[PDB]
């Protein structure tokens, strides 16, 4: 049994641990009772996406539906919103490295407090593609920074520390194998670039700020493609680094919404976009069903 670890000798010395952004705590809640049975954590941007994911889990796998307390609705608050369906826990993380990092610190502590074991964690979401068809599901093999390097640079106090961004190889391979079973479901494995800015950080020409030319954009993106990058998003490096440090097996599965070699703004009918957006959760549902069979 692979228990979820923390890397913090102070944590066990505390009288109580308050997970402020989850609205949970070790004294206020029975965390082993509430979460000890979690085997799969799926994380994504918005409360609504993740609530919908949990409902999909109910419908696809027949797990007990996530309970709703109507006098404490999480959506709209400063908390990360959780929706549990049997052994699957869906959690929102907002946008960007700092936002997901707060959620991950508190989630990893939660799984540790609950004495969970053999947990798989998977990020689902959207991304920009490079040189691949819009609607393609990319399974990340390695997450890279803006310089196409597999690293996450932490600032700890006033010191810079570099961490590796390795994602579980067997898991990425298993997800790719699952994808083969799904018809009309274009999938590939490739590197994923994670940036701190959506606009200039991704070579966009449509921000409030653009200090470079179209030619420089395309050169950057073509070099990224040569390095093996196939999509671009905003959470994968810190996700890979933290999950890796705490011995959790992690994967990233994102659909592309456009080919960035061609444009910066989406030009898809609404119904097609809806179709693309549900593709990662479809793969994850196949995966979980296979694991549990």
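Positions refer to the first chain, counted from 1.
Going by the average Cα B-factor in the PDB entry, point out whether 168-176 or 85-93 comes out higher.
Stretch with the higher mean C-alpha B-factor: 168-176.
On mean C-alpha B-factor from the PDB entry, just flag whether 74-82 or 100-108 is the higher one.
Looking at the record's C-alpha B-factors, the answer is 74-82.
Sort 130, 157, 143, 218 by C-alpha B-factor from the entry and give me just the highest.
It is 157.
In this PDB entry, which of 39, 49, 27, 260 has the top CA B-factor?
The listed residue with the largest C-alpha B-factor is 27.
Check where residue 119 lands among this chain's C-alpha B-factors and tell me if it's the lowest, middle or highest third.
It belongs to the middle third of the chain when residues are ordered by C-alpha B-factor.
Can you work out whether the C-alpha temperature factor of residue 264 puts it in the lowest, middle or highest third of the chain?
For residue 264, the deposited C-alpha B-factor lands in the middle third.
Looking at the temperature factor on the CA atom of residue 198, which third of the chain's modelled residues does it land in?
Ranked within chain, residue 198 CA B lands in the lowest tercile.
Going by the entry, which third of its chain does the Cα temperature factor of residue 138 land in?
Lowest third.
Grab the CA temperature factor for residue 183 from the record and place it in the lowest, middle or highest third of its chain.
It falls in the top third of the chain.
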